[PDB]
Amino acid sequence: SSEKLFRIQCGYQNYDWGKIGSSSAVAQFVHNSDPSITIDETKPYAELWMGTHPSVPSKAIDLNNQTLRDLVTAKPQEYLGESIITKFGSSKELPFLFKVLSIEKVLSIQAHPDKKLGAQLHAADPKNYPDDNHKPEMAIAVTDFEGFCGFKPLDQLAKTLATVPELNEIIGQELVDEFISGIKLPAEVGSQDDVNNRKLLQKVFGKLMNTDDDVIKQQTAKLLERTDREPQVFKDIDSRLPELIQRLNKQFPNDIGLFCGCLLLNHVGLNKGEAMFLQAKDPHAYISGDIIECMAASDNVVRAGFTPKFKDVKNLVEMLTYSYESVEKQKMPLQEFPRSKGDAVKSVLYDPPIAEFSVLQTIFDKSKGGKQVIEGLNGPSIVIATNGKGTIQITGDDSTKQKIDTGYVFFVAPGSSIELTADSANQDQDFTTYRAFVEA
């Protein structure tokens, strides 16, 4: 039992939107790692939490089952290092939380606070806002993924406002006119034209979000009818849109998210391996797929639709920046990672412009196999295997060699060089790992 490289058994969340039972990647990974856990086949397994966030612990199975949070707290210098202790301001915890999500139904229409709102929300309602942190995040598609992310460009929103009768009726023609006349493009971010564009978009969004629920139920029914009788109205906005509306209405009948997500937010698809980042306060809602997520350590979320959980429409309306930048600006270029070398066919850094984390992906071909060696990184890491199997060890110390099968999660102490090996008695699954880490 090395304290440098060691297995962790991570807790999970059974949120409603999760894939059910053994069809969930969360359930699969949990059970794989600890075959003694009985998967409840009737239950959703939505999120695997890998981290030191107090809401869900990770336990070091060969270090007397103590929690990762406790182990950090007992030895901050060894587990975090002074650079991470100083930059992020804690001796107790990781500044990131790393997750697997396995999504069956769309998540809440949601936004996470920045630092200022984080502190204010936590102070005003610590029950619903359980810490004071911000939560920028990143998603990496493990299977093909869809989600909502950011307000659509203004010309698309103007078109939608003019051509979708059920939305136009909720907003009212005077406000639709005010919005469509008033917007000015191009507008540089920060310019008075931009400021005014955002104020107009906030007026439209607030009018929608504060509409009486019985009105929303009446208009959603008519919207749904219209996707059937006049699909082309919807396809002219975006070709996937009538089917989207139909599919989400089956999940959450007559939900306000049919207006506020489907009509106002970009519908993003990510192919497997593609990724996107979300700065704090970007509005979003993940629709489908299995993903890796990494975020600043927080569970603050303001929700406003597609959920039975706590909704706070007024905070949502007030906090959003109302940016309408193209969503392509937050799809990430994949980068090379010099500090890893070997036989892996993919070795890919996902490093968004967010201080609290990066993620390194490693993939070995099923037939080719081989070994990859990664230098010690200047901060704590979590590694998960999402596919295939192999072995993991501290480089040059064969006594630390351990099996790493699908779903196994390991902590790696700062400075510790790692060597991965693909299983060789095997030629059918590409051994694949994701490692979340941070460096000042």
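In this text, residue numbers run from 1 along the sequence as written.
Quiz item: On average, are the C-alpha B-factors higher in 109-117 or in 164-172?
Solution: According to the entry, 164-172 carries the higher average C-alpha B-factor.
Quiz item: Comparing 325-333 with 249-257, which has the greater mean CA B-factor as deposited?
Solution: Comparing 325-333 with 249-257, the higher mean C-alpha B-factor belongs to 325-333.
Exercise. Determine which member of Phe306, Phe148, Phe98, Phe364 has the highest CA B-factor, using the values in the deposited entry.
Key: When the deposited C-alpha B-factors of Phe306, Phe148, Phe98, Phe364 are compared, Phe364 is largest.
Practice problem: Using the entry's values, work out which of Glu82, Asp312, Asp132, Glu356 has the largest Cα B factor. | Solution: In the PDB entry, the greatest C-alpha B-factor among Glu82, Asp312, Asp132, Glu356 is found at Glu82.
Self-check item: Lowest, middle or highest third - CA B-factor, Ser102
Solution: For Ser102, whose C-alpha B-factor we compare with every modelled residue in the chain, the answer is the lowest third.
Practice problem: Sort the modelled residues of this chain by their C-alpha B factor and say whether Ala46 lands in the lowest, middle or highest third. | Solution: Within its chain, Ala46 is a lowest-third residue by C-alpha B-factor, going by the deposited values.
Practice problem: Divide the modelled residues of the chain into thirds by Cα B-factor and specify which third, lowest, middle or highest, holds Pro153. | Solution: For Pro153, the deposited C-alpha B-factor lands in the lowest third.
Quiz item: What third of the chain, by the recorded C-alpha B-factor, contains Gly342?
Solution: CA B-factor rank for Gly342: middle third.
Exercise. Could you tell me which third, lowest, middle or highest, the C-alpha B-factor of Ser91 occupies within its chain?
Key: It belongs to the highest third of the chain when residues are ordered by C-alpha B-factor.
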